Amino acid sequence: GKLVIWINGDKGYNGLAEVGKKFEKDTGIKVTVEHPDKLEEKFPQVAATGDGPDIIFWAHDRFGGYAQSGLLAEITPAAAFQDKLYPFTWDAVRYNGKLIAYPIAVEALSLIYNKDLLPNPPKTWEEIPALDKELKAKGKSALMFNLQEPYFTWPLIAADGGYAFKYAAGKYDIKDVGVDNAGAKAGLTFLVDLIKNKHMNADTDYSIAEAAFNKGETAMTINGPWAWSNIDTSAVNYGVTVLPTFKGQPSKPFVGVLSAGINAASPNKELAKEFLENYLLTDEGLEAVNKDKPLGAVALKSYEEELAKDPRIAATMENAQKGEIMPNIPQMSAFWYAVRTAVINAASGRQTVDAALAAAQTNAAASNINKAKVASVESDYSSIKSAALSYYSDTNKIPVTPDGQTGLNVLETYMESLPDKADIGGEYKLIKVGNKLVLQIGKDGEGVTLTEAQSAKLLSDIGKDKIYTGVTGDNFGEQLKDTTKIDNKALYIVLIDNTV
Ligand SMILES: OC[C@H]1O[C@H](O[C@H]2[C@H](O)[C@@H](O)[C@@H](O)O[C@@H]2CO)[C@H](O)[C@@H](O)[C@@H]1O
């Protein structure tokens, strides 16, 4: 018997491992705590039937996907243990009538601010620019937070009626997506403008935002309870308060319930159930984790009764109140992928706010991310093909990317938006292969990635004798099949069969 545990790297994995040590001491079973980057993505991908944990910790939104893919063991705690946790926390880990994980703690973002630099934190996003201009004169800045992750930007962007999927009594409608709207356009636009007006950098991420606030260089940050530990160790006298409003609308953070599920592939399901019920989810167990990095509002009633007295904890639940506990359906991964792409695309200037959000609304509504990427590539393909034929028609010349270069700058004056790279991976390029104009996607080592399912859909939607997986001079290699998978390789789609 053994237990490998996964938890994210911003959580108290050191404390959790202490708890691990106790369980080992009493049972002789080794507990290993790991914190691999992007664990919530690696888990269905390892899967987790290989180099995967017996127990996985994440916010509950990821778990419906897991359950649906059959990766999770059904948990069956007795009524007496269920009694120990707040009813609403079990609802976060209910999926299709079954319990599929143990709830641990309630996570909501708050505004964290420096009382010395900013004794009165702004109520509204709208005052951040002026606040920044003034702090800049002091060698400081107003706000830094992790821009790269939509978790952090969603509260602003969804403030005015935003949502992932509609909960019509009594179910989520997976084609009814609430990313795009007037509040989101205005919200996302505000972040882009902060960037353009040098009140924020497009590249600011978790580590950068955190180091800057804890070193007293930025007056405000946006984070969860797990971040308080490191600020305690710093010289900063910080307050934790309500997220700013925007256009009168309160921020609507998506609220996470940190949860521990059990790997369906684990031979150690029962030791895992013992570890979680009788070591972690006790006053001692959660205390050891919380001591390391604060959990937020824990699901355990007895310990939460004490934590609820913390004003930082009250601020958290105030933010959680104004927001919404995430859905846990499989389609959330597509939702987050959608918003992630949209914000980064907008913040860097790769799309307009409107185009970025129109795309997210589309991406979000797709079955899965892989399907979404293929649909996207079809759209690029369709636009480039049209443009290449329009070009060929107006100039009497076959459009081709210049030797030793990439990009479709050629049809630059023939398209609305110029596609740069495929969402399946790989920079776009126009080449000839004999008497054919061909769209090449990527290079060997910097190309596309495809599952069989993606391949099948592409072949069906684009047609036969179009898609090839290699080229030798002026002839084609193997054509794509519905069974082929591709790992980081170039791809080729004919645009014109006949350039006679
Ligand atoms: O940004 C998308 C991301 O949001 C949430 O992830 C949170 C997590 O819940 C927090 O505990 C903390 O680790 O920050 C993460 C954001 O970096 C969702 O749970 C996750 O599924 C989603 O991809």
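Each reported figure results from applying straightforward, stated rules to the coordinates on display, with no laboratory input. Note that we place each Cβ from the backbone using ideal geometry, even for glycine, and neighbour counts take in every protein chain shown.
Scanning the range 108-139 for residues that are more than 12 Å from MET220 (Cβ to Cβ) and surrounded by 23 or more Cβ atoms within 10 Å (Cβ to Cβ) turns up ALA108, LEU109.
In the range 370-378 there is no residue that is surrounded by fewer than 22 Cβ atoms within 10 Å (Cβ to Cβ), in a loop (DSSP other than H, G, I, E, B), more than 13 Å from the ligand (Cβ to nearest atom) and among the polar types (S, T, N, Q).
The condition (being touching a residue at least 60 places away in the same chain (Cβ under 8 Å), within 28 Å of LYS21 (Cα to Cα) and within 27 Å of the chain's Cα centre (by Cα)) is satisfied by just one residue among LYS293, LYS273, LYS247, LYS252: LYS293. The criterion of being touching a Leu at 6+ places or on another chain (Cβ under 9 Å), buried (at least 22 other Cβ atoms within 10 Å of the Cβ) and within 29 Å of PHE81 (Cβ to Cβ) does not hold for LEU271.
Of all residues in the range 396-412, how many are small (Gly, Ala, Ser) and surrounded by 10 or more Cβ atoms within 10 Å (Cβ to Cβ)? Summing the residues that are small (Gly, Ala, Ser) and surrounded by 10 or more Cβ atoms within 10 Å (Cβ to Cβ) in the range 396-412 gives 1.
Looking at this structure, is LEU258 buried (at least 20 other Cβ atoms within 10 Å of the Cβ), in contact with a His (Cβ under 9 Å, 6 or more places away or on another chain), within 23 Å of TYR13 (Cα to Cα) and aliphatic (A, V, I, L, M)? Against the criterion (buried (at least 20 other Cβ atoms within 10 Å of the Cβ), in contact with a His (Cβ under 9 Å, 6 or more places away or on another chain), within 23 Å of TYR13 (Cα to Cα) and aliphatic (A, V, I, L, M)), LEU258 qualifies. The criterion of at least 2 residues that are within 16 Å of the ligand (Cβ to nearest atom) and either among the charged types (D, E, K, R) or over 30 Å from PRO294 (Cβ atoms) (or both) is met by the following helices (runs of 4 or more DSSP H) wholly inside the range 107-207: 182-196. Filtered by the rule that a residue be aliphatic (A, V, I, L, M) and either in a helix (DSSP H, G or I) or touching a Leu at 6+ places or on another chain (Cβ under 7 Å) (or both), the range 208-241 gives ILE208, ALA209, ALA211, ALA212, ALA219, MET220, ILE222, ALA227, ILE231. Looking only at residues in the range 4-26 that are away from the ligand (no atom under 16 Å from the Cβ) and of a type in the set (D, E, K, R), which one is surrounded by the fewest Cβ atoms within 10 Å (Cβ to Cβ)? Of everything passing the filter in the range 4-26, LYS25 is surrounded by the fewest Cβ atoms within 10 Å (Cβ to Cβ). Of everything in the range 319-336 that is farther than 25 Å from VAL240 by Cβ and surrounded by fewer than 21 Cβ atoms within 10 Å (Cβ to Cβ), the residue that is farthest from the ligand (Cβ to nearest atom) is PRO330. Of the residues making up the range 345-358, just one is in a helix (DSSP H, G or I) and either within 11 Å of the ligand (Cβ to nearest atom) or without any contact (Cβ under 8 Å) to a residue 40 or more places away in the chain (or both), namely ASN345.
Residues checked against (1) among the basic types (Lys, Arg); (2) buried (at least 20 other Cβ atoms within 10 Å of the Cβ); (3) more than 14 Å from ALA347 (Cα to Cα):
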| site | (1), (2), (3) |
| --- | --- |
| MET144 | no, yes, yes |
| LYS171 | yes, no, yes |
| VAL179 | no, yes, yes |
| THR189 | no, no, no |
| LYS196 | yes, no, no |
| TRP226 | no, yes, yes |
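Go through the residues of the range 462-478 one by one and say whether even a single one is farther than 24 Å from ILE398 by Cα and crowded, with 19+ Cβ neighbours inside 10 Å. No, the range 462-478 contains no residue that is farther than 24 Å from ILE398 by Cα and crowded, with 19+ Cβ neighbours inside 10 Å. Residue-level check: of (1) touching an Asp or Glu at 6+ places or on another chain (Cβ under 7 Å); (2) in a helix (DSSP H, G or I), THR413 misses just (1).
Quickly run through the range 243-275 and pick out the residues that are assigned to a loop (DSSP other than H, G, I, E, B), away from the ligand (no atom under 16 Å from the Cβ) and hydrophobic (A, V, I, L, M, F, W, C). Listed by number, the residues that qualify are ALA264, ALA265. Might you let me know whether the range 387-404 holds any residue that is small (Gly, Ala, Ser), in contact with a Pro (Cβ under 9 Å, 6 or more places away or on another chain), in contact (Cβ under 8 Å) with a residue 12 or more places away in the chain and under 16 Å from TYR492 (Cα atoms)? Yes, that holds for at least one residue.
Screening the range 437-447 for residues that are of a type outside the set (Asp, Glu) and either surrounded by fewer than 18 Cβ atoms within 10 Å (Cβ to Cβ) or without any contact (Cβ under 8 Å) to a residue 60 or more places away in the chain (or both) and picking the one that is nearest to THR484 (Cα to Cα) gives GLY447.
Could you tell me whether the range 41-53 includes any residue that is closer than 22 Å to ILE325 by Cβ, away from the ligand (no atom under 13 Å from the Cβ) and not polar (S, T, N, Q)? No, the range 41-53 has no match at all. Taking each residue of the range 60-80 that is on the phi > 0 side of the Ramachandran plot and looking for partners that are more than 14 Å from the ligand (Cβ to nearest atom) and not aromatic (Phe, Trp, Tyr) with beta-carbon atoms closer than 8 Å, six or more apart or interchain, yields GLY70/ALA264.
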